[PDB]
Each structure stands twice: as C-alpha cells, then as structure tokens.
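This report refers to the structure that appears directly beneath it.
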Amino acid sequence: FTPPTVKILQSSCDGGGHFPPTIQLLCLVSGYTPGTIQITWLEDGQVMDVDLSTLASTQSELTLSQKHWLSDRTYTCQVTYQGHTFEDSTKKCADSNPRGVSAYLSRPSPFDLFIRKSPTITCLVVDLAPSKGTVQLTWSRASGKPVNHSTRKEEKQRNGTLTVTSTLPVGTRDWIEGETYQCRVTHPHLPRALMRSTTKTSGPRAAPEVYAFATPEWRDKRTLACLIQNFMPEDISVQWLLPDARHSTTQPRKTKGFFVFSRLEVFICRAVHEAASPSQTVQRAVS
Amino acid sequence: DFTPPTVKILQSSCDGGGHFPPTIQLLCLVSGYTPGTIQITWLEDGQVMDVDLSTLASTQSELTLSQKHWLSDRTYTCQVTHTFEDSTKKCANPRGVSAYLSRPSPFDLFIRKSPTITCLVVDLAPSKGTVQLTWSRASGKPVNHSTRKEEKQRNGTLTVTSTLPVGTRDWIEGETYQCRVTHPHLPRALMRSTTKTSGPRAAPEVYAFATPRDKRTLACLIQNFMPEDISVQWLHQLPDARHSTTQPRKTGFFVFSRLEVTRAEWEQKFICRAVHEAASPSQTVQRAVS
Amino acid sequence: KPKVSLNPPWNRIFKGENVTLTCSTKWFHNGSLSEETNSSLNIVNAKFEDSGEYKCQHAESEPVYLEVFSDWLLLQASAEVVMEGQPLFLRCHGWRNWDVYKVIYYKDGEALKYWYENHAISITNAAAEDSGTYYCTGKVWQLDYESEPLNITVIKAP
Ligand SMILES: *[C@@H]1O[C@H](CO)[C@@H](O[C@@H]2O[C@H](CO)[C@@H](O[C@@H]3O[C@H](CO)[C@@H](O)[C@H](O[C@H]4O[C@H](CO)[C@@H](O)[C@H](O)[C@@H]4O)[C@@H]3O)[C@H](O)[C@H]2NC(C)=O)[C@H](O)[C@H]1NC(C)=O
Ligand SMILES: *[C@@H]1O[C@H](CO)[C@@H](O)[C@H](O)[C@H]1NC(C)=O
Ligand SMILES: *[C@@H]1O[C@H](CO)[C@@H](O)[C@H](O)[C@H]1NC(C)=O
Ligand SMILES: *[C@@H]1O[C@H](CO)[C@@H](O)[C@H](O)[C@H]1NC(C)=O
C-alpha cells in the first residue's frame with residue numbers, strides 16, 4: 001500500500017501578474033498502489049465536492065470565482081485512500097511584501113557546505129519601521145525535525161529603517177537530502193507573518209571541468225586564470241590554494257546547454273561543486 | 001484539417017496559509033493538437049532558459065524556479081512552436097517609465113566609424129498615451145535623424161527606443177548628447193545625457209587561451225584598460241553571439257571572453273580582438289591561440 | 001494692515017492644484033491689481049503664472065509668496081519661518097492622487113522619520129532648535145524620488 005503524493009497546481013497569472021476571471025485548482029494525486037481513492041474538496045472546512053475513482057494516479061479539478069478566490073478562503077484537497085487521509089491546502093498567496101517589507105533567505109556556499117562543512121542559511125529582513133522587542137524571527141524545518149540555535153540581530157540602518165538578521169546553522173546531510181528550511185517573521189505591524197523557504201536546487205547535476213592558465217606580465221607580475229565550466233547547479237565555489245579576495249570570479253552564465261572565470265594575480269584552482277566527484281571537488285593547476 | 005494546440009500554464013499552489021513553496025513548479029500544458037513535431041521554448045523575461053522537442057495529442061513541459069527567482073517578479077513564457085505561447089508571473093501595482101541612454105561601442109566608434117547612442121524608455125503604460133522622445137546637443141547644433149523603434153513587451157509594458165547617429169569628431173571633442181522623454185502621464189520630462197568619459201586612459205592587454213568531448217572552447221583575458229568602454233570580438237569575423245563576455249570588473253578593468261568553436265573550425269585554423277579607446281595603432285589590441 | 005492666509009497652508013503647491021487667499025477688498029498679484037474684490041481670493045487649477053508675490057488691503061497689508069511646481073514629490077511646509085512654540089506642519093506631498101510610499105524625512109542630513117506609507121510632521125511647540133534644511137524621500141509607482149530641499153527657521157525672541 002504505497003501512499004499517494006498530493007499537490008495542488010493553480011491557474012497562472014497574466015504576463016502582468018493579473019488574476020484570471022476564474023481560478024482552476026488542480027489536485028494531483030500521484031504514485032499510489034492501484035486501489036479506491038476519493039478526493040473531497042473543502043472550502044474553508046466545508047465540503048464543496050467529492051470524486052471517487054477505482055502505481056497509478058488521478059486528478060480532481062475545482063474551479064473558483066476570481067472574487068471567491070480573492071476572498072482569501074482556504075481550500076483543502078482531501079484524499080482518502082486505503083482507509084487513510086492525505087491532504088494539501090492552499091489560499092490566495094498572501095502579500096509577500098507587506099507594507100513594503102522585504103525578506104531574503106540565502107542558500108549555503110558550496111564551499112561553506114563541503115570544504116568548511118559548516119553550512120549556514122541566513123534570513124534577512126529589511127525596510128522595517130524601527131521598533132524594539134516587537135520583532136520575532138523563527139526557524140522551522142519542513143520535515144518537522146527539531147530546530148535550535150539561531151542568531152538574532154536587530155540592528156538599525158542609516159536611512160531610518162530597521163534591518164533584522166538571523167543566521168541559522170544547517171546540517172550538510174540534512175541539506176543535501178532535500179530538506180526545506182522555513183524562516184518566519186512576525187510583527188505588530190504586519191497583518192500576517194512573512195515566510196521564506198529555501199531548499200537544495202532542483203534539476204540534474206553535472207560536475208565541473210577546470211583549467212589553470214597564465215600569460216606572464218609587464219615590477220613584472222604574472223596573472224592566472226581558470227575556466228570552470230559545464231556544471232549544473234549554478235551553486236559552485238571557487239578558490240585558489242590563498243585568500244578569497246586575492247582573486248576575482250565572474251557570475252555563472254549558461255553555456256552551450258554554466259561557467260565561471262577566476263582571475264588570480266600573484267598553483268591550484270579548486271572547484272567545490274555539489275555534483276563533483278569524489279570529495280565533491282574538481283581542480284587543476286598551472287605553472 | 002488540423003487543429004492548433006491549446007497552451008496554458010499551471011503553477012504550484014500555496015501553503016494553506018498563503019506562503020510560497022521553496023521551489024515553484026511551472027507546468028506547461030500543450031493540449032489538443034494534431035500529431036506532429038512540437039518544440040517548447042522557455043523564456044525568462046524574453047530570454048531562452050530551456051528547450052525541448054517532442055514527436056489529437058497533448059504534451060507537457062515543466063520549469064522549476066527558486067522561491068527567490070520566482071519572487072523576483074520576472075515573466076516566464078512557454079513558447080510552443082508557427083508560434084503559440086502563454087506567460088505568467090508572481091500574481092501582483094504599476095511601475096513608471098525608466099529611461100536609459102547608451103554610450104557608443106569603442107568598435108562602433110573607431111573600427112566601424114559609425115557611432116550610435118540609443119535612448120531606451122521602458123515600463124510605459126500602453127494606455128497612458130503616446131511618448132515623445134527628443135534629441136539635443138549640449139552645444140546647440142541640430143541633431144541628425146533618430147530612428148524610433150517600439151516593442152510592446154510581454155509583461156504588458158511599452159518599451160520605446162530611439163537610436164540617434166552621432167559624429168565621431170563631435171563625440172571625440174567632448175560633445176554632450178541629450179535624450180528627452182515626454183509623456184501625458186509624467187509630471188515632468190525624463191532626461192538622460194551621455195558624453196566622452198573623463199578620467200585617464202590605459203590601453204588593454206590581451207591573451208588568447210586554449211583548453212584540452214571533441215568540441216571547441218576558447219578564452220581571452222583582456223585586462224588593465226582604463227575606460228570601462230571596451231569592445232571584444234573573435235574573427236576568422238565570427239558572429240557577436242557565437243561568443244560570450246563578462247562585465248568589466250576593476251582589477252584597471254578586465255573582461256573574459258568565451259568562444260566555443262567546433263573542432264571543424266579547428267580544421268580551418270583564432271583571433272581575440274579588443275577594440276579599446278586607449279589601445280595603440282588603429283585603436284585595437286589583439287592576440288591569437290592555436 | 002491685514003494679513004494673508006493660505007488654505008491649505010502650503011505656500012508651495014503643484015500645478016492644477018487649488019489654494020485660497022483670505023484677508024470690498026483689493027488684491028495684488030505680482031504687483032498688478034487682480035479683478036477680485038472679495039476678502040477671499042480663489043485659485044482654481046493652478047498654472048505656473050499663478051506664482052509670485054500676493055498682497056491685499058482695505059491700509060495695504062504685506063506680501064505672501066506662492067511657488068508652483070510640477071514634479072513627483074513636493075516638500076510642502078506650513079511656514080518657512082516660525083517663532084518658537086508656534087505650530088509647524090511638514091508634509092511630503094506627491095503628484096496628484098499618486099501614492100508616495102516608504103517616506104523618510106531628512107533634517108539637515110539625518111533621517112528624521114521613516115514610515116511604510118506616507119506620514120507628516122506636526123509640532124505644536126516649534127522648538128527653536130528645529131531650524132534646519134529639510135527634504136523628503138519617497139517611492140512613487142515603485143520608483144525612487146528625492147524632494148526639493150526646503151530651508152526652515154524658528155526664531156526665539158525675548
Ligand atoms: C508673477 O511673477 C512670478 C515671478 O515672481 C512668475 O512666476 C514665474 O512663472 C513662470 C511661468 O510663467 C515660471 O517659469 C516656468 O518655469 C518652469 C520650471 O519648471 C517651467 O517648466 C515652465 O515652462 C513650462 O511652461 C511652458 C509654457 O507654459 C511650457 O511650454 C513648458 O513645456 C513648461 O511646462 C516655465 O518656464 C517661473 O519659474 C516663475 N518664477 C517664479 C518666481 O515662480 C509668474 O509667471 C507671474 N505671474 C503673473 C500672472 O504675472
Ligand atoms: C536603508 O539603508 C539600508 C542600509 O544601507 C539598506 O539595507 C536598505 O535597503 C535601505 N532601505 C531603503 C530606503 O530601501
Ligand atoms: C517587462 O519586460 C522587460 C524585458 O523584457 C523589462 O525591461 C521591463 O522592466 C519589464 N517590466 C517589469 C518586469 O515590470
Ligand atoms: C480645485 O478646484 C476646482 C473647482 O472647485 C475643482 O474642479 C477641483 O475638484 C478642486 N480640487 C480639489 C479641491 O481637490
């Protein structure tokens with residue numbers, strides 16, 4: 001009796017983020033042991049529709065007025081299969097920049113993650129109106145796994161705003177295995193709570209290729225380059241073995257179906273990439 | 001007696017509490033079309049991100065996005081190819097006109113000797129009215145003829161252009177070129193200038209490099225030049241899109257150039273040319289690699 | 001000698017904006033006699049030429065000045081010169097019905113106050129130390145705008 005995976009897809013928005021006249025909700029129940037599944041639809045706790053069908057999958061679509069949807073009601077897709085409930089819920093996505101606040105949530109450095117083996121995600125909140133012990137920041141793991149030990153920095157910026165930080169330490173394995181990290185900001189000003197997530201980047205990986213170069217210069221000093229290419233999460237880390245500022249590095253740019261240059265003025269060009277085999281590192285050298 | 005495809009995009013839904021997923025799936029539903037050859041192009045804000053090709057049927061293509069990426073309010077398109085397409089963004093606010101004004105290419109300026117500055121106006125309301133664009137020379141001398149090309153954008157905004165041709169000498173002798181944008185919406189007129197860059201110059205250094213699959217990869221490290229304004233191209237004159245180039249970054253400045261050229265071009269022979277203002281001879285440094 | 005009052009108080013308005021000068025009377029725009037007798041002079045949909053020195057009389061009463069601007073943000077002010085303890089109102093005003101967000105006032109360089117939406121300064125007890133050069137930062141239609149600076153000065157008097 002393999003358990004079904006339940007997710008809701010909705011109508012997309014105008015190229016200009018405008019709402020459809022009518023919003024379709026699609027309930028995807030997929031990847032379960034062929035049996036008798038039934039999908040109950042629940043508008044804010046009350047049944048709106050029912051559907052029953054007998055490693056397959058099934059779908060059940062529910063439609064909504066643009067106004068009904070904007071009513072910020074909470075819709076629940078309730079799969080009952082082999083005598084056990086599964087569900088997913090949704091409502092109109094709350095305003096993400098409430099009163100204009102912004103909250104950013106970093107991914108770990110591929111260096112921070114494999115070399116230093118001490119990963120940290122950081123939740124940043126800017127443009128806050130200055131307050132005191134009003135501002136609460138709260139971490140949580142998607143799994144439900146426990147969480148403790150997090151920074152809190154409520155420091156005050158030049159332009160009159162409050163900028164709150166909270167750096168949380170994260171387990172490489174936990175991360176690597178697709179964990180999802182939630183950062184939850186509450187405030188007496190905000191009508192609700194801001195919330196940002198972050199997870200291991202989806203898609204197929206591909207290890208890097210590296211190339212240490214040089215072209216001796218005219219007190220004559222010689223310059224060193226590196227072409228780390230064809231890797232498949234943008235997330236990469238480059239260093240020369242030497243300080244992380246004695247060299248410069250371009251931003252990743254998609255090649256022929258990414259790549260980075262590294263310029264070291266002064267040996268070894270190390271690429272710390274997630275896909276890279278064996279220690280999670282490719283690298284080369286130049287004379 | 002066929003039937004075009006129906007193109008719609010489904011997106012990931014929110015938390016019961018209206019919060020965004022970590023990653024956001026985009027599902028492209030190409031449906032109800034006469035069995036043929038269909039290729040799906042994925043456009044991030046006018047740029048290709050992914051392409052597939054599948055051969056009364058239907059088919060699906062999926063694009064995944066960082067919750068950050070998504071929250072960037074960029075406009076993703078699904079382009080089924082004759083062309084069909086649907087586009088979505090984070091459900092939203094209006095945004096007023098911005099106006100940019102380019103400097104000429106050091107190549108456009110010395111090599112091609114046919115300089116052009118371009119005034120760009122974006123985020124216009126298509127219903128706001130019509131946008132007058134106006135050139136003027138600091139001196140007073142009349143401007144030449146400005147080509148005005150408009151392009152109603154994918155995200156609902158108007159994007160007006162006006163490319164004005166400019167005299168090399170006029171430029172070289174410190175002229176200042178004014179672009180003046182007027183509109184019924186705007187309380188005033190936007191105004192952008194551009195002139196020959198002040199500061200001390202310094203000619204570039206160049207280095208053509210070569211790497212060890214069985215396709216080609218070629219690099220170039222043009223460095224230590226002293227106006228950011230530089231031009232890079234690879235000859236053989238290979239196209240300005242067959243290679244990529246980084247932005248200048250103070251080191252002087254520097255740029256990398258990446259030219260992938262088939263081992264078939266390895267069978268004919270190349271050249272990394274830097275067209276820089278300070279560059280000595282014909283205003284060009286350059287090198288090569290085998 | 002009568003005095004000239006402004007409603008609203010702002011001696012700096014936008015184009016198209018109104019304002020009413022209160023004071024069997026004569027009016028003096030720029031120096032020229034206006035064709036208005038009423039003790040209150042009306043100004044509908046302001047034009048630029050509506051700028052300039054104004055004054056009234058029944059014994060001639062001194063001048064008040066009215067600037068008209070077209071722009072995104074106008075830092076309006078109650079009075080440009082005040083005497084200690086008198087009311088002073090400051091107001092970061094935006095073009096038309098347009099909405100100015102993330103508004104911050106600056107006095108002499110420093111961040112006086114910031115708020116998510118628009119706000120105004122109001123002092124019932126104009127402190128002599130308030131004299132400063134003011135200006136306000138705003139956000140209109142998602143874009144950034146700094147207001148024209150405005151000099152203000154209180155006067156403590158024995
Ligand atoms: C009384 O005297 C005052 C001066 O004491 C005088 O005020 C002046 O008004 C003129 C306009 O007549 C102002 O000049 C303007 O400056 C602005 C600056 O942004 C320009 O934009 C204006 O040009 C616009 O208007 C043109 C024609 O209307 C348009 O074709 C053009 O597109 C512009 O939109 C204009 O040049 C000047 O700044 C003030 N001076 C002061 C001190 O305020 C007023 O005109 C006199 N009134 C009477 C009835 O005598
Ligand atoms: C205010 O200044 C801080 C510090 O530089 C910056 O983080 C923030 O973006 C600014 N807020 C505004 C005005 O957007
Ligand atoms: C709409 O698209 C163009 C680029 O394709 C961009 O320049 C413009 O700013 C966009 N408007 C937005 C994202 O608000
Ligand atoms: C300004 O005056 C005119 C005439 O009274 C009127 O059309 C307009 O509504 C007024 N503006 C105000 C008071 O908001």
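Chain labels A, B, ... are given in the sequence in which chains occur in the structure tokens; within each chain residues are numbered consecutively from 1, and ligands are likewise numbered from 1 in the order shown.
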
Can you pull out the residues contacting region 48-53 of chain C? Cut-off 8 Å, using only C-alpha atoms, and skip same-chain residues under 3 positions away; I want them as a ChimeraX atom specification. /C:15,28-31,63-69

Run DSSP on the backbone and grab whatever in region 79-164 of chain A lands in strand (DSSP E); send it over as a count of residues only. 35

For region 70-74 of chain B, find every residue with an atom within 9 Å (counting only C-alpha atoms), except residues of its own chain fewer than 2 positions away, and show them as a PDB file with N, CA, C and O atoms, in the first residue's frame.
```pdb
ATOM      1  N   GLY A  17       0.949  39.510 -14.061  1.00  0.00           N
ATOM      2  CA  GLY A  17       0.514  39.063 -12.756  1.00  0.00           C
ATOM      3  C   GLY A  17      -0.906  39.485 -12.457  1.00  0.00           C
ATOM      4  O   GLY A  17      -1.204  39.957 -11.360  1.00  0.00           O
ATOM      5  N   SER A  96       3.450  39.283  -0.337  1.00  0.00           N
ATOM      6  CA  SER A  96       4.798  38.912   0.075  1.00  0.00           C
ATOM      7  C   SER A  96       5.636  40.112   0.502  1.00  0.00           C
ATOM      8  O   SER A  96       6.599  39.962   1.241  1.00  0.00           O
TER       9      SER A  96
ATOM     10  N   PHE B  20       4.720  30.862   0.012  1.00  0.00           N
ATOM     11  CA  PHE B  20       5.332  30.270  -1.164  1.00  0.00           C
ATOM     12  C   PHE B  20       6.196  29.048  -0.848  1.00  0.00           C
ATOM     13  O   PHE B  20       6.968  29.049   0.117  1.00  0.00           O
ATOM     14  N   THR B  23      10.653  25.653  -3.879  1.00  0.00           N
ATOM     15  CA  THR B  23      10.732  25.707  -5.335  1.00  0.00           C
ATOM     16  C   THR B  23       9.328  25.865  -5.904  1.00  0.00           C
ATOM     17  O   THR B  23       8.347  25.424  -5.305  1.00  0.00           O
ATOM     18  N   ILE B  24       9.227  26.502  -7.059  1.00  0.00           N
ATOM     19  CA  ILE B  24       7.932  26.716  -7.674  1.00  0.00           C
ATOM     20  C   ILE B  24       7.879  26.079  -9.049  1.00  0.00           C
ATOM     21  O   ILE B  24       8.530  26.546  -9.970  1.00  0.00           O
ATOM     22  N   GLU B  44      12.623  33.162 -19.897  1.00  0.00           N
ATOM     23  CA  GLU B  44      12.699  34.044 -18.741  1.00  0.00           C
ATOM     24  C   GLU B  44      12.820  35.505 -19.158  1.00  0.00           C
ATOM     25  O   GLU B  44      13.884  35.965 -19.579  1.00  0.00           O
ATOM     26  N   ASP B  45      11.718  36.231 -19.035  1.00  0.00           N
ATOM     27  CA  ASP B  45      11.719  37.659 -19.297  1.00  0.00           C
ATOM     28  C   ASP B  45      12.379  37.939 -20.640  1.00  0.00           C
ATOM     29  O   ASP B  45      13.289  38.763 -20.735  1.00  0.00           O
ATOM     30  N   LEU B  65      11.559  26.719 -10.375  1.00  0.00           N
ATOM     31  CA  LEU B  65      12.119  28.019 -10.016  1.00  0.00           C
ATOM     32  C   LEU B  65      12.407  28.151  -8.528  1.00  0.00           C
ATOM     33  O   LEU B  65      11.639  27.673  -7.693  1.00  0.00           O
ATOM     34  N   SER B  66      13.515  28.806  -8.199  1.00  0.00           N
ATOM     35  CA  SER B  66      13.787  29.167  -6.816  1.00  0.00           C
ATOM     36  C   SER B  66      12.629  30.025  -6.336  1.00  0.00           C
ATOM     37  O   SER B  66      12.078  30.818  -7.099  1.00  0.00           O
ATOM     38  N   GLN B  67      12.239  29.853  -5.081  1.00  0.00           N
ATOM     39  CA  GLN B  67      11.230  30.722  -4.493  1.00  0.00           C
ATOM     40  C   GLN B  67      11.685  32.171  -4.595  1.00  0.00           C
ATOM     41  O   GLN B  67      10.866  33.082  -4.721  1.00  0.00           O
ATOM     42  N   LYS B  68      13.001  32.375  -4.538  1.00  0.00           N
ATOM     43  CA  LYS B  68      13.587  33.698  -4.712  1.00  0.00           C
ATOM     44  C   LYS B  68      13.409  34.138  -6.154  1.00  0.00           C
ATOM     45  O   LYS B  68      12.857  35.208  -6.429  1.00  0.00           O
ATOM     46  N   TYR B  76       7.889  34.605 -16.948  1.00  0.00           N
ATOM     47  CA  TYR B  76       8.215  33.383 -17.679  1.00  0.00           C
ATOM     48  C   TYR B  76       7.180  33.050 -18.744  1.00  0.00           C
ATOM     49  O   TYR B  76       5.972  33.174 -18.527  1.00  0.00           O
ATOM     50  N   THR B  88       3.309  33.761 -17.518  1.00  0.00           N
ATOM     51  CA  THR B  88       2.849  34.022 -16.157  1.00  0.00           C
ATOM     52  C   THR B  88       3.919  34.728 -15.334  1.00  0.00           C
ATOM     53  O   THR B  88       5.088  34.765 -15.722  1.00  0.00           O
ATOM     54  N   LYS B  89       3.505  35.297 -14.202  1.00  0.00           N
ATOM     55  CA  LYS B  89       4.441  35.796 -13.192  1.00  0.00           C
ATOM     56  C   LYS B  89       3.821  35.692 -11.792  1.00  0.00           C
ATOM     57  O   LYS B  89       2.672  35.271 -11.650  1.00  0.00           O
ATOM     58  N   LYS B  90       4.591  36.041 -10.763  1.00  0.00           N
ATOM     59  CA  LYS B  90       4.037  36.198  -9.419  1.00  0.00           C
ATOM     60  C   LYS B  90       2.841  37.149  -9.486  1.00  0.00           C
ATOM     61  O   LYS B  90       2.972  38.287  -9.947  1.00  0.00           O
ATOM     62  N   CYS B  91       1.677  36.687  -9.037  1.00  0.00           N
ATOM     63  CA  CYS B  91       0.467  37.499  -9.120  1.00  0.00           C
ATOM     64  C   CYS B  91       0.613  38.790  -8.327  1.00  0.00           C
ATOM     65  O   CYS B  91       0.830  38.765  -7.121  1.00  0.00           O
ATOM     66  N   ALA B  92       0.491  39.919  -9.014  1.00  0.00           N
ATOM     67  CA  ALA B  92       0.749  41.221  -8.407  1.00  0.00           C
ATOM     68  C   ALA B  92      -0.527  41.930  -7.983  1.00  0.00           C
ATOM     69  O   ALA B  92      -1.370  41.349  -7.314  1.00  0.00           O
ATOM     70  N   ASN B 155       5.230  41.501 -20.756  1.00  0.00           N
ATOM     71  CA  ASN B 155       4.655  41.715 -19.434  1.00  0.00           C
ATOM     72  C   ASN B 155       3.706  42.906 -19.383  1.00  0.00           C
ATOM     73  O   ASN B 155       3.451  43.456 -18.317  1.00  0.00           O
TER      74      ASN B 155
END
```

Please, which residues of chain C lie no more than 7 Å from chain A when the count uses only C-alpha atoms, and can they be set out as a PyMOL selection string? chain C and resi 111+113-116

Using only C-alpha atoms, what does the table of chain B residues within 8 Å of chain C look like, with each row giving the shortest atom pair and its distance in Å to one decimal, sorted by chain and ascending number, as CSV?
```
residue,atom,partner,partner_atom,distance
B:93,CA,C:141,CA,7.4
B:94,CA,C:141,CA,5.7
B:95,CA,C:141,CA,4.8
B:96,CA,C:141,CA,5.7
B:187,CA,C:71,CA,5.3
B:188,CA,C:71,CA,5.9
```

Kindly save the residues from that selection, with C-alpha atoms included, as a PDB file, in the first residue's frame.
```
ATOM      1  CA  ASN B  93       0.969  47.503  -8.572  1.00  0.00           C
ATOM      2  CA  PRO B  94       2.054  49.736 -11.515  1.00  0.00           C
ATOM      3  CA  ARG B  95       5.587  50.883 -12.450  1.00  0.00           C
ATOM      4  CA  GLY B  96       6.607  54.188 -14.033  1.00  0.00           C
ATOM      5  CA  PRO B 187       4.508  65.257 -14.290  1.00  0.00           C
ATOM      6  CA  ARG B 188       7.749  66.225 -15.991  1.00  0.00           C
TER       7      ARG B 188
END
```
